[PDB]
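Take a look at the structure below.
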Amino acid sequence: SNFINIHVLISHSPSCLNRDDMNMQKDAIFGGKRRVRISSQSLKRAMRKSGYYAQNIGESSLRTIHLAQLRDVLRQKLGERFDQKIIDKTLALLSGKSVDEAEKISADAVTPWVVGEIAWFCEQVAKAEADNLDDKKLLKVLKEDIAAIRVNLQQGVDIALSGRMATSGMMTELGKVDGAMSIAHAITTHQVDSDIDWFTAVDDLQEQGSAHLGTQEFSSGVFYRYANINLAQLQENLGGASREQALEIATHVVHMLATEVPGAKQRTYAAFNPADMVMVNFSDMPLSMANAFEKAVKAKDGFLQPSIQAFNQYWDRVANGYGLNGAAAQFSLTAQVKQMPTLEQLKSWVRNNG
Amino acid sequence: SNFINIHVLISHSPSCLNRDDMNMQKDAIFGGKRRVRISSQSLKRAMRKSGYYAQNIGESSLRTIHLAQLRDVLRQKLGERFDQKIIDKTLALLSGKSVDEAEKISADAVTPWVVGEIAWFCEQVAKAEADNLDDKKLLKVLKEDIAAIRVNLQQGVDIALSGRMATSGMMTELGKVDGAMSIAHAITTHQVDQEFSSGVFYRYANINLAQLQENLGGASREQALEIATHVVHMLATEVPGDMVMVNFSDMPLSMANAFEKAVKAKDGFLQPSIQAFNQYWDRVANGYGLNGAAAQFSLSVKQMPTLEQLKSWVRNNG
Amino acid sequence: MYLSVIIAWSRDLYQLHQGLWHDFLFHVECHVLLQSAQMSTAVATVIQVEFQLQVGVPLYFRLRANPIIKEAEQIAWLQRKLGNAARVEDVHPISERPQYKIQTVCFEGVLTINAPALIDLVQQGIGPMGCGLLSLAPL
């Protein structure tokens, strides 16, 4: 049972949690009908930058493209630990760019960094410098053992979970990370014809009408959040961490997925809703439950109840047809599915490997 | 806890409240049914322009985009305390637009302003002039201390509550304000197309206390709690043109999903609305293990006898 | 009384009433809703009720009218013109776009009933071009 699948039928309220360049709600055609959409990267950053992450998992990675700014940040944070030359050289070797007193140094693309990782590398560079070991041989011997660097990734779990991509520097050979997890886009269970808010900006110094006018798309929705954790990949991405540790990270993710909501336009629409259902299918191969809502769900006393009924029915069907055993454990507000009356009860059920 | 959640479940008429461009009453689809809606900005201007706000919180913010009539205004209000040149230079530097005798100067967008803050900036500009600080170097010096500017924001609370955006001038680095509040759009708990019944509206808001204290220059939790009480009242009463529930918490929480399944009742919506609120509340608090400080004022958790008792209760944390 | 109509025929409002004529109370949906005292032309293609009613019964209502701007004045106008046929129970006055001048206003909402006067008021219309028809519905 390598795969842990998280299904979340989080019901929401009127808002604009995620929009595009036209300031309009992101959407997606599914089942032939328009659904409101929240991009996976939005959920991922929402969780990554949340307080719960900061207190239950740790510090999130520093994703940047500016190497001058990163050079200064590192010179400050690691200045009492290493000499300036060591830090510079380490950054240059890791990025593939030359680090001098230039005000503008750009990496190839946006790259996620971890300060602990860079410190580790700085130690390596120091020792290599002492042994008169050139950067090629250094790259070789470093490439010989990857696990340690992934411990240094124990200090940046968002990377270990959602992967990293390199195109320059030693990172190419040393920092290529394949994401542990796997997270879908957020899709609404039902057809949505979005509403438009006609807004106005009244000038307290204008005799005529408002100084500004406009529109803003918004709507409510019963979304379906899906994610899974690849787990073995997680243990690997953290330096060979224990299965228990991985399950801890996974439970944290479950909680956030049932809890965290993108802070977009919430200051004026406030859709601070909790998940009205969580279902953590412990399993063997990644299995999404989105097809439960392929046939768009029609409202019968709200959208929530028939959404959940659909989810459960389809889950029973897939479980029966593909002989899909393995731990289940739902949770809400099929007998093989242990019912959990509390979220914490579910999380503890997951920590205990189902 | 840091987040205070306000759930003013009001009740009145579903007409002549908020209009769009076609002069129709604003609405929204929730639970697959039509609800009558009042926009958050509507509630916000209604609150910040009402008399209660003027008596308890203070003066509202001057929201404008016309900078010519504005420089006129600050000239004929700060005429004595500062030189003409200094006031002109202050507005210019602050907005980025070069001030003149133009009678037609516009900012990038409609922004809220506070007179006292501008006066403070004028003081710093005076110090600059006497000591001859470069506008760039001056900008550096000012960047060093934002909190002071935020106590100048203590003058204009609606800004500290609902934030301010800037895309030009010195303001860009000194005037960016993240709103402390967060107010949902008011919607009905029931389908608005059996006897006649007045609509019942679920209003939600919350306040991020720490952010409020930060936006006011590092004020105490007490002051923030007081302003929070004022907002509780204004949201519980005011109507543009019954049941209250304040509750402390670690992360913001809205009760709108209680009315996802639209409330149906053949003779009055308020009671099944309150029962829905209670049911969903119990299910949520039990399910997510929340034990924050409650305070429910209803006439049908620490119950409360009146609205003022709840007000004071809030003023004293738990 | 006869409820019924597709007016092509929408040149001017003039041609509308002139068309249906070939008095009665239309009210547009152009497309149209049509109330008449009697029960199909090539200029107007057609696509019977006398309600029982009761006293003190709530009924949704809609009405295009010509109040001759203020919301207060509009609602007061409505309750005045409604007379003692029915107490207004709730109403929203939609300030419609001017027609060709005629400044129509659409009163949509719910009445409580205070009965025959109401019937006569329906079959006679309200106010000074599509205006005047009071549409009623239960709940």
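The way I read the labels, and the way they are meant: chains A, B, ... in the order of the structure tokens, residue 1 as the first residue of every chain, and ligand 1 as the first ligand shown, with later ones counted on from there.
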
Name all residues at most 6 Å from residue B:9 (count only C-alpha atoms; drop same-chain ones fewer than 6 positions away) and give them as a ChimeraX atom specification.
-> /B:201-203,243-244

Selection file, C-alpha atoms, as a PDB file, in the first residue's frame:
ATOM      1  CA  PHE B 201     -29.742  37.631   6.050  1.00  0.00           C
ATOM      2  CA  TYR B 202     -26.569  35.865   7.109  1.00  0.00           C
ATOM      3  CA  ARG B 203     -23.779  38.381   7.488  1.00  0.00           C
ATOM      4  CA  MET B 243     -29.497  36.728  16.233  1.00  0.00           C
ATOM      5  CA  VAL B 244     -25.805  37.368  16.812  1.00  0.00           C
TER       6      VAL B 244
END

What are the residues of chain B that have an atom within 9 Å of an atom of chain C, counting only C-alpha atoms, as a ChimeraX atom specification?
-> /B:13-16,22-25,193-196,198

When you get a sec, could you note down which chain B residues fall within 8 Å of chain A, using only C-alpha atoms, as a VMD selection string?
-> chain B and resid 20 to 21 26 28 to 33 40 to 41 62 to 66 69 to 70 110 162 179 181 to 185 204 to 205 252 to 257 260 to 262 283 to 284 286 to 289

Would you mind exporting the chosen residues as an mmCIF file, in the first residue's frame, restricted to C-alpha atoms?
data_model
loop_
_atom_site.group_PDB
_atom_site.id
_atom_site.type_symbol
_atom_site.label_atom_id
_atom_site.label_comp_id
_atom_site.auth_asym_id
_atom_site.auth_seq_id
_atom_site.Cartn_x
_atom_site.Cartn_y
_atom_site.Cartn_z
ATOM 1 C CA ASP B 20 -26.692 47.005 -9.983
ATOM 2 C CA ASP B 21 -26.425 48.996 -13.220
ATOM 3 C CA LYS B 26 -28.387 42.363 -6.240
ATOM 4 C CA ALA B 28 -26.317 35.441 -5.795
ATOM 5 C CA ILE B 29 -26.851 31.719 -6.339
ATOM 6 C CA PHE B 30 -26.141 29.611 -3.268
ATOM 7 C CA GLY B 31 -27.147 25.995 -2.724
ATOM 8 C CA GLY B 32 -28.521 26.150 -6.245
ATOM 9 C CA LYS B 33 -31.111 28.720 -5.208
ATOM 10 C CA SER B 40 -19.390 43.871 1.223
ATOM 11 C CA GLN B 41 -18.299 47.314 0.024
ATOM 12 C CA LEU B 62 -11.274 60.802 2.267
ATOM 13 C CA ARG B 63 -11.469 58.482 -0.741
ATOM 14 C CA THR B 64 -10.626 60.360 -3.938
ATOM 15 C CA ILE B 65 -8.770 60.305 -7.252
ATOM 16 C CA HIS B 66 -9.001 64.003 -8.091
ATOM 17 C CA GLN B 69 -9.443 69.709 -5.676
ATOM 18 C CA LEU B 70 -7.565 67.655 -3.094
ATOM 19 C CA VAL B 110 -9.462 56.086 -6.122
ATOM 20 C CA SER B 162 -10.277 47.414 4.685
ATOM 21 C CA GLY B 179 -6.966 45.281 5.522
ATOM 22 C CA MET B 181 -11.173 42.916 8.642
ATOM 23 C CA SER B 182 -12.594 40.536 5.967
ATOM 24 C CA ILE B 183 -16.324 40.838 5.371
ATOM 25 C CA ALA B 184 -18.496 38.388 3.448
ATOM 26 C CA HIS B 185 -21.324 39.452 1.165
ATOM 27 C CA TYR B 204 -20.278 37.231 8.319
ATOM 28 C CA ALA B 205 -17.138 39.141 9.129
ATOM 29 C CA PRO B 252 -11.205 32.224 10.344
ATOM 30 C CA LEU B 253 -14.505 30.350 10.100
ATOM 31 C CA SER B 254 -17.683 31.200 8.185
ATOM 32 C CA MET B 255 -21.076 29.632 8.898
ATOM 33 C CA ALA B 256 -22.600 30.216 5.455
ATOM 34 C CA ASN B 257 -22.709 26.481 4.723
ATOM 35 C CA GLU B 260 -26.167 25.880 1.790
ATOM 36 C CA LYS B 261 -29.286 23.768 1.894
ATOM 37 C CA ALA B 262 -31.662 26.720 1.594
ATOM 38 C CA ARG B 283 -21.336 19.657 13.810
ATOM 39 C CA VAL B 284 -18.383 21.908 12.931
ATOM 40 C CA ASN B 286 -17.372 18.824 17.284
ATOM 41 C CA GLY B 287 -15.893 17.640 13.989
ATOM 42 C CA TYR B 288 -12.880 19.949 13.837
ATOM 43 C CA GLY B 289 -12.313 20.073 17.588
#

Find the residues near stretch 123-125 of chain A: any atom within 7 Å, counting only C-alpha atoms, skip ones fewer than 4 places away on the same chain, and give them as a PyMOL selection string.
-> chain A and resi 86+90+119+129

Using the chain letters and numbers from this document, which residues of stretch 148-350 of chain A does DSSP assign to helix (DSSP H, G or I), as a count of residues only?
-> 65
